[PDB]
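Asks:
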Amino acid sequence: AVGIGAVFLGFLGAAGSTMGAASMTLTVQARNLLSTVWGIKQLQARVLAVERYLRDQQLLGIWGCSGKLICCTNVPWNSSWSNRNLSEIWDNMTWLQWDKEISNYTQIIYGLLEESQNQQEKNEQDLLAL
Amino acid sequence: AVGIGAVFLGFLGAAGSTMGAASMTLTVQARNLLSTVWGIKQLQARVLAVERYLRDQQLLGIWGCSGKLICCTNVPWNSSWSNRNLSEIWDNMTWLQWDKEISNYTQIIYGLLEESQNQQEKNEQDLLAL
Amino acid sequence: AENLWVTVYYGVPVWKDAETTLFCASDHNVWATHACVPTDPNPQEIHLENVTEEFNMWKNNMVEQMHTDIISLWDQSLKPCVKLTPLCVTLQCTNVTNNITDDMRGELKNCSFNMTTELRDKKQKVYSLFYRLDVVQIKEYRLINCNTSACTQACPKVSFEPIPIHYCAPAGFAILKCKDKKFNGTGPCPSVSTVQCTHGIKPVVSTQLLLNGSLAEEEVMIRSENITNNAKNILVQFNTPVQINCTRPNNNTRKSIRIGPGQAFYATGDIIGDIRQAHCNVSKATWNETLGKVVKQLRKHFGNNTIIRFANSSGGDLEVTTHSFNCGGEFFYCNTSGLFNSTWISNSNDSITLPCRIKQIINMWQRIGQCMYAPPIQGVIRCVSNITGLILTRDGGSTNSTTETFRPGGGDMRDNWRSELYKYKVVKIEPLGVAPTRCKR
Amino acid sequence: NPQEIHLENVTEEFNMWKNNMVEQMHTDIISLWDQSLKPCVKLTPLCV
Amino acid sequence: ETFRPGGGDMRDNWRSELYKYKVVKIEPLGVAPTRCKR
Amino acid sequence: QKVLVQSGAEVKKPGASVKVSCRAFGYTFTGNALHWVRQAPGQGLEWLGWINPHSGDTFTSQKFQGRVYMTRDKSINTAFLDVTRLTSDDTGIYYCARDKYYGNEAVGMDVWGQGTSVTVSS
Amino acid sequence: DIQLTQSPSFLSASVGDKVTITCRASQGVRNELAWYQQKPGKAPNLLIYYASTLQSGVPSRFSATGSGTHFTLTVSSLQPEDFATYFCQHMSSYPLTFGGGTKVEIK
Ligand SMILES: *[C@@H]1O[C@H](CO)[C@@H](O[C@@H]2O[C@H](CO)[C@@H](O[C@@H]3O[C@H](CO)[C@@H](O)[C@H](O[C@H]4O[C@H](CO)[C@@H](O)[C@H](O)[C@@H]4O[C@H]4O[C@H](CO)[C@@H](O)[C@H](O)[C@@H]4O)[C@@H]3O)[C@H](O)[C@H]2NC(C)=O)[C@H](O)[C@H]1NC(C)=O
Ligand SMILES: *[C@@H]1O[C@H](CO)[C@@H](O[C@@H]2O[C@H](CO)[C@@H](O[C@@H]3O[C@H](CO)[C@@H](O)[C@H](O)[C@@H]3O)[C@H](O)[C@H]2NC(C)=O)[C@H](O)[C@H]1NC(C)=O
Ligand SMILES: *[C@@H]1O[C@H](CO)[C@@H](O[C@@H]2O[C@H](CO)[C@@H](O[C@@H]3O[C@H](CO)[C@@H](O)[C@H](O)[C@@H]3O)[C@H](O)[C@H]2NC(C)=O)[C@H](O)[C@H]1NC(C)=O
Ligand SMILES: *[C@@H]1O[C@H](CO)[C@@H](O[C@@H]2O[C@H](CO)[C@@H](O)[C@H](O)[C@H]2NC(C)=O)[C@H](O)[C@H]1NC(C)=O
Ligand SMILES: *[C@@H]1O[C@H](CO)[C@@H](O[C@@H]2O[C@H](CO)[C@@H](O)[C@H](O)[C@H]2NC(C)=O)[C@H](O)[C@H]1NC(C)=O
Ligand SMILES: *[C@@H]1O[C@H](CO)[C@@H](O[C@@H]2O[C@H](CO)[C@@H](O)[C@H](O)[C@H]2NC(C)=O)[C@H](O)[C@H]1NC(C)=O
Ligand SMILES: *[C@@H]1O[C@H](CO)[C@@H](O[C@@H]2O[C@H](CO)[C@@H](O)[C@H](O)[C@H]2NC(C)=O)[C@H](O)[C@H]1NC(C)=O
Ligand SMILES: *[C@@H]1O[C@H](CO)[C@@H](O[C@@H]2O[C@H](CO)[C@@H](O)[C@H](O)[C@H]2NC(C)=O)[C@H](O)[C@H]1NC(C)=O
Ligand SMILES: *[C@@H]1O[C@H](CO)[C@@H](O[C@@H]2O[C@H](CO)[C@@H](O)[C@H](O)[C@H]2NC(C)=O)[C@H](O)[C@H]1NC(C)=O
Ligand SMILES: *[C@@H]1O[C@H](CO)[C@@H](O[C@@H]2O[C@H](CO)[C@@H](O)[C@H](O)[C@H]2NC(C)=O)[C@H](O)[C@H]1NC(C)=O
Ligand SMILES: *[C@@H]1O[C@H](CO)[C@@H](O[C@@H]2O[C@H](CO)[C@@H](O)[C@H](O)[C@H]2NC(C)=O)[C@H](O)[C@H]1NC(C)=O
Ligand SMILES: *[C@@H]1O[C@H](CO)[C@@H](O)[C@H](O)[C@H]1NC(C)=O
Ligand SMILES: *[C@@H]1O[C@H](CO)[C@@H](O)[C@H](O)[C@H]1NC(C)=O
Ligand SMILES: *[C@@H]1O[C@H](CO)[C@@H](O)[C@H](O)[C@H]1NC(C)=O
Ligand SMILES: *[C@@H]1O[C@H](CO)[C@@H](O)[C@H](O)[C@H]1NC(C)=O
Ligand SMILES: *[C@@H]1O[C@H](CO)[C@@H](O)[C@H](O)[C@H]1NC(C)=O
């Protein structure tokens, strides 16, 4: 058909869209992660929000994904995680369902990205030493 | 004439220098952005300062300018913003006057850098998929 | 043809007018420095070339924050102190007439009263000397505050002497300082610097006269928000201080009365020797030529052939109609009628003595229902201070007459704080900038 | 299951008499004692 | 040599349990010579 | 507001050493290169050298090399000129002068010290 | 060492006259020349820098011209606080040198 360009679905408007479509709105979710007893619970809330944002940023950065919203890696896809070859992930499912499907497979991947990034840093060190 | 090298004008010493000259002292401003009722207002102040520093860092990082102090971009200069070709910006004006001149033109540019960076991330994803 | 692209610069020297919470720095006392950061032994001032900055002392939020800070420090220094609820009893008072002068008649009351003891079932008949200003007749009297609120006795170990306090901006903020002499507080300052903390400002509480403050380096400075509005206070800053010597000459005896378990009330026992009036001395010639300076600087605003007249305070509370201040724990209220009494037409060793009255029941800030009782000070007390400025109020001023009349003002301590913070402002750094450049990513 | 990491080859300087842990713990114990007594009866009438 | 029971200050009671502990802050940044050039 | 204040006058014997101090007020000390000059009684000015107060680098006029030393302390915003092996020809007024220093190069000595008389005589 | 030579060495002129003082350099100094004024027993003052730019806080009667080796300092209308010693100083190459000096005195 004819079109008139891209539209804006809001903060979490792509939560019901496919993973491929929802991957086009990452900055929209990214920006809204940062912003005498009720000056204390409020301050604890703000500190917790900052702490979780920084934990996510550190976790990205120790993978070599610092400053990126989409970051392809060197770690291969162990098929013991998911056997769905691609046509039924990015065009037929949403990120909530994918997270339901791999919340049982997360931390091992994070540690692997960590050790692969450290390997990369040392190998680049050796390469620049020549 | 003869010179004996660069000098140090202090925290905001280049505020009255030209934009080109003041662009040589960016780190100087960069470092000083981070550092039972007056343990609360103090803590609110510290949390606020951290929050604004992190907001600026996130805003840089969702443009592809993460970890940089000067970051040239893919977004062209829409001349509806400013018509001064270059000799009357970098050698004849200071950053305070420039910010006076474009505080009315800021947020649109930020959103454009955002969407351009996401476009770049996806295009790099497609390139590495080959 | 231009081929220009957006370029992002981080760390740009740009700032905006901002309001934030400053913090305290300093090198038993009310102005608690046990919650103040140590001051840097070598503070760093960055002199900003070519920076012309907009200043306005009358909208400075630093003044409002400092007022709040001073009030809070005063409040928290009185919290762990004796509440004098038992003192609201009937007082049987007589006149103190043993070795009093003619100007101290009826000024002191010898009041006997029943008081609680450390044991809940026992009473003690005690007596104290009270000031005429502190008691109201019901021979039977009561303390002035007893139909408004109970009074908190100041803890005798806490000192009232001002300590300099430095105000410092947090991260991401800067304090801009106007180095311009002749600066009248409003408009463009072309000589600007950046400081991490302000200079040591002493919280000197006083009315009608600014004491122990900063001096102008060039000449007497007149500063008003709107000089043609007679509802605006004029702040005068002296270039040379005027020495004022204030004494309470009575040899006061303090006795301690146990009013409860671990609770002492400090009564005035008996004055050892002659009873005579507290007062202040100002050099007559120094004050005269200082007023000449003030007049010469006021003519610049109110005409060159105008008559400049200084007169008494109009009226109101004892706090505002007198030069009220604190001299080593005692609270003086001095009649500044010999100071502001003169006319000026365009064309030795003696001194002016200002009689003063002492009070013990104090309402510091313009608040009602929150009062402080000052314990008596043992012995004679004497202090020497610098008058470094004035708070004046112009009288009427319709076009009917060519005489301008000025009267001492005060009461609101924000004008006292504004006389020290007039050359400071707070800004927030805006490091992000976008500019055209030839690069493409 | 608290985790103790045994540091091989590490030799460390210890001084029990300048330990600030002790001072903080003293403060904590005193504060806990003080705040456990705050919502309790003040026996002012008993001074008879 | 004569020894008598003491006490009063509870900091000695806390010191008898914390004698084998200390607190340190981690300094993660380091700089060293290596053959690379950026 | 920019001022340079120097130490007091000095009277030394030949072959001695003299230390002229110069402290800066009203401007950032590390923001301008600082010259040292001397004038003999009734003669013209003779430029000794200059120092970068930020880095500590110095340049001495070649005929003074190895005899005069320039140093600075930033904690007190001061520069020191050490003239060693004094002779009667060294008698004169010593000035420290701030340079305008536009573009990190000498432009002109806009702020001057009050001068320090150093007299060398047996 | 580069040599700066000034003409006159001594001059007498009255208030309201114009004075032109010439400084010549043995080698080329493009615009790296500064003109200073000194008065008895006092530190000099920067009058001109870049050989034609007037120092901030100097009266407009002072002017300078010339590039390379020849420079002229002109005061259009003399004034009784302008009678003093004048120096020309280059900073193109080391050593920085000052001129011999011109003493202007009232007639
Ligand atoms: C403007 O500045 C000037 C100069 O800074 C101020 O004048 C000075 O004021 C201070 C404080 O008033 C004064 O210091 C006192 O000097 C007395 C004489 O030496 C001392 O007796 C007195 O010490 C007593 O009070 C202290 C607290 O104020 C206690 O810490 C101290 O232990 C003393 O207290 C004992 O003695 C008293 C009396 O018996 C008893 O009540 C106590 O319980 C305790 O037993 C102070 O040190 C200076 O001497 C003044 N200097 C001059 C030159 O005058 C002036 O006040 C300022 N003006 C304003 C408006 O603030
Ligand atoms: C919410 O879910 C519905 C489906 O349950 C989404 O609608 C579906 O959108 C896709 C693509 O946007 C449509 O696919 C299209 O199919 C036609 C013909 O098959 C083809 O020509 C197109 O190229 C495209 O592939 C699909 O038909 C459509 N489903 C239905 C029933 O209409 C909807 O987009 C989801 N909402 C959001 C906000 O994501
Ligand atoms: C504060 O502002 C003043 C004046 O705007 C600045 O002085 C100016 O500095 C520039 C260079 O920084 C000078 O440009 C120079 O011009 C000469 C001849 O015109 C040329 O040879 C040089 O190569 C250079 O281009 C300019 O002349 C000068 N202005 C004046 C009146 O002297 C000053 O640098 C600013 N200060 C700060 C700290 O930014
Ligand atoms: C205030 O009043 C009290 C009580 O009337 C006076 O104290 C008495 O003093 C006399 C000597 O002058 C003694 O003989 C009495 O025994 C005292 N009575 C008590 C109850 O102590 C006190 O002198 C008076 N003070 C003043 C300044 O008038
Ligand atoms: C202290 O209390 C006593 C007793 O409570 C007061 O003495 C009484 O005074 C009333 C008059 O108001 C008499 O009618 C009683 O007969 C008195 N009783 C006794 C035992 O004397 C005394 O006046 C109080 N003192 C003060 C200074 O208020
Ligand atoms: C009253 O004013 C005089 C003069 O300003 C003060 O004396 C000065 O004190 C400072 C200390 O900060 C010295 O640096 C000056 O040299 C002194 N000048 C003179 C002329 O003595 C004096 O300290 C002030 N007194 C009070 C109580 O504030
Ligand atoms: C200073 O304050 C006066 C207020 O008295 C301002 O002038 C008055 O403005 C009202 C507004 O309607 C007029 O009715 C009065 O007639 C004005 N007064 C006079 C004397 O004309 C004045 O504008 C203020 N100045 C500034 C600079 O704001
Ligand atoms: C204020 O001035 C009066 C003088 O009018 C002083 O009174 C003198 O005080 C001295 C004390 O040394 C006595 O020797 C004189 O005899 C007194 N003369 C008179 C006429 O009273 C008073 O002491 C001064 N007070 C202060 C605080 O300076
Ligand atoms: C205020 O008190 C000071 C002393 O505290 C007085 O200073 C004295 O002034 C006389 C001149 O009459 C000198 O002879 C003394 O040497 C000074 N004493 C000191 C310690 O400096 C001052 O005169 C008093 N001022 C007034 C107005 O009474
Ligand atoms: C300013 O001076 C006037 C007169 O010089 C004072 O007025 C006096 O006030 C008292 C108080 O009741 C009266 O007893 C007098 O009779 C008044 N005098 C005259 C001449 O009317 C006025 O009190 C002074 N101002 C202040 C604030 O004290
Ligand atoms: C402030 O001082 C003036 C001057 O002494 C007082 O005015 C005097 O008041 C008395 C009344 O007690 C009269 O007898 C005098 O004639 C008045 N003198 C003058 C010159 O007016 C004034 O009352 C004092 N202020 C207060 C509030 O008491
Ligand atoms: C106390 O003295 C004043 C003034 O001398 C007088 O008016 C008052 O009536 C006296 N009160 C007495 C004696 O109770
Ligand atoms: C307290 O009493 C005084 C004088 O008796 C009176 O002026 C004041 O209004 C009273 N205050 C209240 C709150 O009743
Ligand atoms: C003095 O204050 C007035 C207030 O309107 C202002 O206009 C003026 O600019 C100030 N003085 C100077 C020299 O700026
Ligand atoms: C005050 O009285 C006490 C006790 O009578 C005495 O020791 C002291 O010297 C007196 N002080 C003065 C200043 O007269
Ligand atoms: C005010 O000045 C007049 C002189 O005109 C004098 O008579 C009067 O006593 C003075 N008042 C005071 C309180 O000094």
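Residue numbers (PDB author numbering), protein chains in the order written: chain P, 512 to 546, 569 to 663; chain H, 512 to 546, 569 to 663; chain R, 31 to 57, 66 to 141, 150 to 184, 189 to 309, 312 to 321, 321A, 322 to 398, 410 to 503; chain G, 80 to 127; chain S, 466 to 503; chain B, 1 to 52, 52A, 53 to 82, 82A to 82C, 83 to 100, 100A to 100E, 101 to 113; chain L, 1 to 107.
Ideal Cβ positions, reconstructed from N, Cα and C, are used throughout, including at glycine.
Taking 8 Å as the CB-CB cut-off, is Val518(H) touching chain R?
Replies: no
Asks: So if DSSP puts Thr22(L) in a beta bridge, which residue, or which two residues, is it bridged to?
Replies: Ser7(L), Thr72(L)
Asks: Is the CB of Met100E(B) under 8 Å away from at least one CB in chain L?
Replies: yes
Asks: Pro313(R) versus chain G: which residues are under 8 Å apart at the beta carbon?
Replies: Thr123, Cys126
Asks: Candidates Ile443(R), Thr51(R), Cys131(R), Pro220(R): which alpha carbon is nearest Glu381(R)'s?
Replies: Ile443(R)
Asks: Chain H beta carbons: is any one of them nearer than 8 Å to that of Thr30(B)?
Replies: yes
Asks: DSSP state of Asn478(R), grouped into three classes?
Replies: When secondary structure is reduced to three states using DSSP, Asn478(R) falls in the helix class.
Asks: Which residues of chain S have a Cβ atom closer than 8 Å to the Cβ of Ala662(P), listed in chain order?
Replies: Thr499, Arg500, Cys501
Asks: Is it a yes or a no for the segment 56 to 69 of chain B touching the segment 573 to 593 of chain H, going by three-plus beta-carbon pairs under 8 Å?
Replies: no
Asks: Which class does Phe376(R) belong to by DSSP, given the choice of helix, strand or coil?
Replies: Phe376(R): strand per DSSP, three-state reduction.
Asks: Name the residues in the segment 25 to 41 of chain L whose C-beta lies less than 8 Å from a C-beta of chain H; which are they?
Replies: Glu32
Asks: Output yes if chain L places a C-beta closer than 8 Å to the C-beta of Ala533(H); else output no.
Replies: The beta carbon of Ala533(H) sits no closer than 8 Å to any beta carbon of chain L.
Asks: Which chain R residues are close to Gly26(B), counting only those with a beta carbon under 7 Å from its beta carbon?
Replies: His85
Asks: Apply the 10 Å Cβ neighbour rule to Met104(R) and answer buried if 16 or more other Cβ atoms are within range, or exposed otherwise.
Replies: Taking a 10 Å sphere around the C-beta of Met104(R), we find 16 or more other C-beta atoms and assign the residue as buried.
Asks: Check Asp113(G) in the structure and name its three-state DSSP category.
Replies: Helix at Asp113(G).
Asks: Would you check if the distance between the CB atom of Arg503(R) and the CB atom of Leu34(R) is smaller than 8 Å?
Replies: The Cβ atoms of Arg503(R) and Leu34(R) lie no closer than 8 Å to each other.
Asks: Any residue with its Cβ nearer than 6 Å to a heavy atom of ligand 8 should be included. What is that list in chain order?
Replies: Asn295(R), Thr297(R), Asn332(R), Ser413(R), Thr415(R), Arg444(R)
Asks: When every heavy atom of ligand 15 is checked, does at least one fall within less than 7 Å of the C-beta of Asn136(R)?
Replies: no
Asks: Please determine if the segment 344 to 357 of chain R and the segment 271 to 281 of chain R are in contact, where contact requires at least 3 C-beta pairs separated by less than 8 Å.
Replies: yes
Asks: When the cut-off is 8 Å and only beta carbons count, does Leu116(R) lie next to chain H?
Replies: no
Asks: Taking residue 125(B) as the reference, give the member of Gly100D(B), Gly104(B), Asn100(B) with the closest Cα.
Replies: With chain B represented from 1 up to 113, any question about residue 125(B) goes unanswered, as that position is not in the structure.
Asks: What residues in the segment 68 to 96 of chain L have a beta carbon less than 9 Å from any beta carbon of chain H?
Replies: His90, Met91, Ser92, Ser93, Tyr94, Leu96
Asks: Suppose you measure from the CA of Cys605(P) to the CA of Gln658(H); what does that come to, to the nearest Å?
Replies: 7 Å
Asks: With a threshold of 7 Å, establish whether the CB of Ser108(B) neighbours any heavy atom of ligand 11.
Replies: no
Asks: Any C-beta of chain B within less than 8 Å: which residues of the segment 220 to 243 of chain R qualify?
Replies: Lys229, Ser241
Asks: Answer yes or no: the CB of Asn386(R) versus the heavy atoms of ligand 11, is any distance below 7 Å?
Replies: yes
Asks: Can you tell me whether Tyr638(P) is buried or exposed? The criterion is at least 16 other CB atoms within 10 Å of its CB, across all chains shown.
Replies: exposed
Asks: Expressed to the nearest angstrom, what Euclidean distance is found between the alpha-carbon atoms of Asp17(L) and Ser77(L)?
Replies: Straight-line Cα distance between these residues: approximately 5 Å.
Asks: I need the straight-line Cα distance from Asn392(R) to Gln39(B), nearest angstrom please.
Replies: 58 Å
Asks: Would you call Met426(R) buried or exposed, if buried means 16 or more other Cβ atoms sit within 10 Å of its Cβ?
Replies: buried
Asks: Rounded to whole angstroms, what's the CA-CA distance from residue 553(H) to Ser636(P)? Just pull it up for me.
Replies: No coordinates exist for residue 553(H); the numbering of chain H passes from 546 to 569 with nothing in between.
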